[PDB]
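Here are the chains, one letter per residue:
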Amino acid sequence: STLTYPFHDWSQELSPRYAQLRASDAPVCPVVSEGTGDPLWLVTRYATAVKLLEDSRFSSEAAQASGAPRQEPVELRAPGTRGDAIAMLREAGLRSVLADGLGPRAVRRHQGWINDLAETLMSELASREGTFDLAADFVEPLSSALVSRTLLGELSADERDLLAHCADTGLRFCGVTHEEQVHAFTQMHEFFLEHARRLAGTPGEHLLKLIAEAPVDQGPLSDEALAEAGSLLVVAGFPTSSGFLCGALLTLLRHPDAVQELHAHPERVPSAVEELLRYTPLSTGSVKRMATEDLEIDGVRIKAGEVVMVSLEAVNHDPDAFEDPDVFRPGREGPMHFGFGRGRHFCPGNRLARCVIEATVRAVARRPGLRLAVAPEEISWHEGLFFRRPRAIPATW
Ligand code: HEM
Ligand SMILES: [Br-]
Ligand SMILES: [Br-]
Ligand SMILES: [Cl-]
Ligand SMILES: [Cl-]
Ligand SMILES: [Cl-]
Ligand SMILES: [Cl-]
Ligand code: NA
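Residues numbered from 1 in each chain as written, not as in the entry; some residues may be left out. Chains lettered and ligands numbered in written order. Heavy atoms only, no water.

- Judging from the entry metadata, X-ray crystallography is the method by which this structure was determined, and 1.70 Å is the reported resolution.

Structure, rendered in structure tokens:
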């Protein structure tokens, strides 16, 4: 194939290429990685994505082994490490602890201060005269608090900035040198080699503490393994939450009549949270799986070792699954969205994510009149990030 991937759609306007692919006859389409030249397959239709992501012979772990074709310009790991940290934790027998640190018990522990913080932040903005920046003044402190209090432990401001910077530098398709990307993973790993044990020991019930204290049959977790967990929690939790919350705010500010309904009918907020997860695009790339044997999906042969990608954004905008997919329609009763993926790799951060998204939507819904202070086309976007994010969101009442 000569069609290079990704499609350079760094703003909320999805590349028209996704619709062209969806409308093609084949359910799986060949592309080539811009960053590596590797051949890849790409799925954009909901019905095919379901079959792929629910078939465990298309392996997520195997899409990382050395030699695997990939979309990313560099491997998403510090050199010399395993980089399969979620598998390593599950292998060590910690699914129990992961459920306790990320599941409904964690939401019950944290939802109180998350909603308090969202309201405090929004209230401070409501008290200002003039304009403010919802990215710097709302999303950054809320997402930083989520990561510190629920995942990593008490971070200094400088530590928070280092991790934010490593995530933004390493999780990119372009904009920096390959060497700079690899070094961002190395810097993050070296940080947690030195400090993860200390962070696991700070006050709170954050996940890194729960992992460090848990019983493991093969003897407690080592320094390298705790450091691998740290890097995982940054890459999985920080740029996703910050990018999504920024994008969701832009969606809410562009749909005032939706917000006025939520203001009038607070019980409708959960439905709007689910529609944001469908409608708001986050990743500029795709989830990936490697065929572990010769496989055939909807009639296309995939050879052992080939990698198949699913664009969650394309699937969430598939008109065969959603009527009027490019309309923001809370309470549309269609199928489940793909914002958190599908099947056995469904985002385990989904409970905490929904908590922070719900808190954000309610903070907005309680205060009608919030609007962009510039036109949407004047919003400036970070170009090349895996997780789309605006540079600023100028806003006002
Ligand atoms: C902020 C909004 C978030 C969104 C939209 C999001 C989205 C996703 C998606 C789509 C996947 C599936 C990847 C795949 O199929 O290969 C995923 C996986 C994952 N997410 Fe999230 N995520 C978010 C936040 C978080 C948070 C806060 C955490 C941790 C606290 C987290 C931890 C993980 C982990 C560990 C995985 C890998 C699971 C596996 O491969 O089995 N995510 N996330
Ligand atoms: Br846009
Ligand atoms: Br629908
Ligand atoms: Cl899990
Ligand atoms: Cl879990
Ligand atoms: Cl509970
Ligand atoms: Cl007030
Ligand atoms: Na380079």
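What follows continues from the structure just given.
### A few points about the overall build of the chain
- Summing up its helical and strand segments, the chain has 14 helices and 11 strands in all.
- In terms of overall dimensions, the chain is globule-like: its C-alpha atoms have a radius of gyration of 21 Å, near the 21 Å expected for 397 residues.
- Counting only C-alpha atoms and orienting by the principal axes, one finds that the chain spans roughly 60 × 50 × 40 Å.
- The burial tally for the chain puts 54% of its 397 residues in the buried class.
- Summing over all exposed atoms, the chain offers an accessible surface of approximately 17,500 Å²; the carbon and sulfur share of this is 49%. (Helix = DSSP H or I, 4+ residues; strand = E, 2+ residues; numbered from the N terminus. Rg over C-alpha atoms; globule rule 2.2 N^0.38 Å. Buried < 20%, exposed > 50% of the residue type's maximum accessible area, 1.4 Å probe, protein only. Areas by Shrake-Rupley, 256 points an atom, 1.4 Å probe, with all protein chains shown as cover.)

### What to know about the coordination of the iron atom of ligand 1
- Of all protein atoms, just one serves as a donor to the iron atom of ligand 1, and that atom is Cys347 (SG), at 2.3 Å.
- Relative to the assigned elements, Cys347 resides in the loop between α13 (312–316) and α14 (350–365). (Donors = N, O, S within 2.8 Å, 3.2 Å for Na, K, Ca; no water.)

### Thoughts on the site of ligand 1
- Lining the immediate surroundings of ligand 1 are 20 residues, of which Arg90, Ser241, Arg289, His345 and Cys347 lie closest.
- One of the backbone N or O atoms of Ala236 is found 3.3 Å from a nitrogen atom in ligand 1.
- The separation between an oxygen atom of ligand 1 and a polar side-chain atom of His345 is 2.8 Å.
- Taken together, the elements giving at least two residues each to the shell around ligand 1 come down to α3 (85–91), α10 (223–253) and β6 (287–291).
- Grouping the constituent residues of the shell around ligand 1 by class yields 11 nonpolar, seven polar and two charged. (Near = heavy atom within 4 Å. Polar contact = N/O pair within 3.5 Å; in protein donor to acceptor, adjacent residues only side chain to side chain. Nonpolar A, V, L, I, M, F, W, Y, C, P; charged D, E, K, R; others polar.)

### With respect to the packing of aromatic side chains
- In the structure shown here, the tally under the stated rule is 10 aromatic pairs.
- With a centroid separation of 5.5 Å and an interplanar angle of 45°, the aromatic rings of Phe132 and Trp397 are classed as tilted. Of this pair, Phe132 sits in strand β5 (residues 132–133) while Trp397 sits in the segment after β11 (394–396), and the two are 265 residues apart along the sequence.
- In this structure an aromatic cluster arises from ring pairing among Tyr5, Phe7 and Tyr18.
- If you follow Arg149 out to its NZ or CZ, it ends over the ring of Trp113, 4.2 Å from the centre.
- Over the aromatic face of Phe322 sits the side chain of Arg278, whose NZ or CZ is 5.0 Å from the ring centroid. (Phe/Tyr/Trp six-rings, centres within 6.5 Å; stacked < 30°, edge-to-face > 60°. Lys NZ or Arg CZ within 6 Å of the ring centre and 35° of its normal.)

### A few points about the sheet that holds strand β9 (residues 307–310)
- With mixed pairing, six strands are arranged side by side in an open sheet as β1-β2-β3-β9-β6-β4. Edge positions in the sheet fall to β1 (4–5) and β4 (58–59), since each of these pairs with one other strand and no more.
- Across two bridges, the pairing between β4 and β6 is antiparallel. In the sheet register, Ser59 faces β6, and the bridge partner there is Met290.
- The strands that helix α2 (residues 46–53) touches are β3 (39–43), β4, β6 and β9; relative to β9, the one it contacts most, it runs at about 130°. (Pairing = 2+ DSSP bridges. Contact = heavy atoms within 4.5 Å. Axes fitted to C-alpha atoms, helices over the stretch in contact; angles between N-to-C directions.)

### A short note on the pattern of salt bridges
- Using the criterion set out here, one finds 21 salt bridges in the structure.
- Ionic pairing is found between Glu293 and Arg57, a salt bridge with its closest N-O pair at 3.9 Å. Residue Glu293 is located in the loop between β6 and β7 (295–297), and its partner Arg57 is located in the loop between α2 and β4; the two are separated by 236 residues in the primary sequence.
- For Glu293, a relative accessible area of 37% translates into the label partly exposed.
- Of the charged contacts in the structure, one is a salt bridge between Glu159 and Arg198, with a shortest N-O distance of 2.7 Å. Within this pair, whereas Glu159 is found in helix α7 (residues 157–170), its partner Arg198 is found in helix α8 (residues 178–200), the two being separated by 39 residues in sequence.
- Residue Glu159 is classed as buried on the basis of its relative accessible area, which comes to 14%.
- What emerges from the salt-bridge pattern is a single network uniting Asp55, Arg57 and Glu293. (Salt bridge = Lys/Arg side-chain N within 4 Å of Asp/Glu carboxyl O.)

### Looking at the nonpolar core
- Ranked by internal contacts, the top residues of the largest apolar core, which has 95 residues, are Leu94, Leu134, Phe138, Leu152, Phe192, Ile211 and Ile357.
- For this core, the leading source of residues is α10, giving 15 residues.
- In this view, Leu134 contacts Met122, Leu125, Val139, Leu249, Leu253, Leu370, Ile393 and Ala395; residues no more than four positions away in its chain are not counted.
- Residues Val28, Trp41, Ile297 and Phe322 belong to the second largest nonpolar core, which totals 21 residues. (Core = buried A, V, L, I, M, F, W, Y, C linked by side-chain atoms within 4.5 Å.)

### Considerations on the environment of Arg362
- Here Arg362 lies in helix α14.
- Residues within four places of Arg362 in sequence aside, it is in contact with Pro266, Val269 and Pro270.
- Only 2.9 Å separates the side chain of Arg362 from the side chain of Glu358, close enough to count as a polar contact.

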